[PDB]
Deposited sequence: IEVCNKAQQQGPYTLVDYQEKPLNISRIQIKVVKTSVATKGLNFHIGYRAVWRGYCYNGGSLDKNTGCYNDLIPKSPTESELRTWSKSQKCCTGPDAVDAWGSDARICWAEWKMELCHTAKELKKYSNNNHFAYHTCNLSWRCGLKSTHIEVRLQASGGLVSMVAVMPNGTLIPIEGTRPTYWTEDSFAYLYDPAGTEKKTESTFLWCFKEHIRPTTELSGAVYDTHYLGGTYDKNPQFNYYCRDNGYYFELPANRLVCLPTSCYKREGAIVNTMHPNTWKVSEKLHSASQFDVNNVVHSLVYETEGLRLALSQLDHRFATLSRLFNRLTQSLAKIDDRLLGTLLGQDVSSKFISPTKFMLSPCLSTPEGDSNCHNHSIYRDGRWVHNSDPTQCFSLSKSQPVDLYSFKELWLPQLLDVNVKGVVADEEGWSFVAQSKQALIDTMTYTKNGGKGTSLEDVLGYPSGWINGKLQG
């Protein structure tokens, strides 16, 4: 039929997407690393319960008890000797030692007797009239374990520290063993089996103009800005040939290594994952619908060109075949038998990789600090009430 009507004029419009300047580059970096191996941390503790009484009667002003929990933390020498001996050495215990024996409370003891384990007893009595009564009860303990040295930059210089449960960073060197002491405890770290590198290498990062840079290393994921040193517990990163601002760096917060994450935080991460995957379902389904549309259009146009070129559908199927259309849509089939040019510019589609992610927990749950807290709790448990050993 058709008309002399010419209700136009029309012109096909191309689909134009909103551009995105995102791309996956290699970024050259100076990377300062640190790794530790083997039993490199040794913790010892030792203390004496000394209860020294005198019984001169209610009338004597010297009657009474002077007690004390004397801390006797081991020396570096003694802590090493314990470390190879697997025993903590100690002085003598004394129960109900009165009169001349009570002087054992004031002798400079030799730490002779060594133990697999030793807890003290809160002994005290004063029932020997006109005499002194001495009670002496020792406790000691030792654990050898593996500590993880971490990094920190202050003044622009990356140095090694050991984080303690209360947040104090213990400066650590890499040649000589570091040894320190708090009250009853003595700690010894030896830098053997520990390595601190500085390395010219590369990182696979996503550059995306708001440019931001989203980078990955081993199990760490982090933004890597320009002219700023990015420090994470065991690795710092700098852009090669870029000038770090001396201080004001991007460094890990020690608090986040001491403090645990709540169940609400992780559930919130799960919910964010759900929201994200909803977005991904939307986008992927939209692309799916697009391929449906292109399928329809390409089919109609294939019908149009095919009625002219009967060898078209054949090469389309890879089958040696010619067609004859008995219908606008239905057709029948019969058989019988340089430079490249790319019209599409399709590039390699980046498939997301499986993410190695580090989960290490809080510092208080490290074996050594757990041992320290356990020791303190045992001391509290055993000082609950005085025991009469006479």
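Asks: If I number the deposited sequence starting at 1, which residue ranges have no C-alpha coordinates at all?
Replies: Counting from residue 1, the stretches without coordinates are 1-3, 214-238, 366-399, 453-474.
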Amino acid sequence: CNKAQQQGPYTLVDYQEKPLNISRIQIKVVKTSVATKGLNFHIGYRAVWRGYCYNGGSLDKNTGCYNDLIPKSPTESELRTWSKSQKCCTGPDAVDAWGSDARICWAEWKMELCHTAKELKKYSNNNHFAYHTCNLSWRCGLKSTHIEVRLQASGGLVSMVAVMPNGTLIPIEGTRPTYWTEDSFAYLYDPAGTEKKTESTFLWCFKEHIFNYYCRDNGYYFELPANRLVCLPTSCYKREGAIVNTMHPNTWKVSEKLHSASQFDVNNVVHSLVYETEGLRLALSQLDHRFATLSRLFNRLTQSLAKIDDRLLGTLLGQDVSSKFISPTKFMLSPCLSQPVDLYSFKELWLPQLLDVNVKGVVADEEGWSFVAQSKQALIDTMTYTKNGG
From here on, numbers count along this sequence of modelled residues.
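Asks: Which has higher Cα B-factors on average according to the PDB entry: 122-130 or 188-196?
Replies: Mean B over CA atoms: larger for 188-196.
Asks: Averaging only over Cα atoms, indicate whether 259-267 or 166-174 has the higher B-factor in the PDB entry.
Replies: Per the deposited B-factors, the answer is 166-174.
Asks: Tell me, please, which of 98, 214, 275, 237 has the highest C-alpha B factor according to the deposited entry?
Replies: In this record, 98 carries the highest C-alpha B-factor of the candidates.
Asks: Quick one: which of 301, 117, 317, 280 has the biggest Cα B-factor according to the entry?
Replies: Highest C-alpha B-factor among the listed residues goes to 117.
Asks: Consider only the C-alpha atoms of the modelled residues in this chain, order them by B-factor as the entry records it, and name the third containing residue 16: lowest, middle or highest.
Replies: Answer is highest: the recorded C-alpha B-factor places it there.
Asks: Classify residue 356 as lowest, middle or highest third according to the C-alpha B-factor given in the PDB entry, relative to its own chain.
Replies: Top third by C-alpha B-factor.
Asks: So where's residue 6 on the chain's Cα temperature factor ranking, which third?
Replies: It falls in the top third of the chain.
Asks: Among the modelled residues of its chain, does the C-alpha B-factor of residue 82 lie in the lowest, middle or highest third?
Replies: For residue 82, the deposited C-alpha B-factor lands in the highest third.
Asks: State the tercile, meaning the lowest, middle or highest third, of residue 22 with respect to the CA B-factors recorded for its chain.
Replies: Its C-alpha B-factor, which the entry lists for residue 22, ranks in the middle third among residues of this chain.
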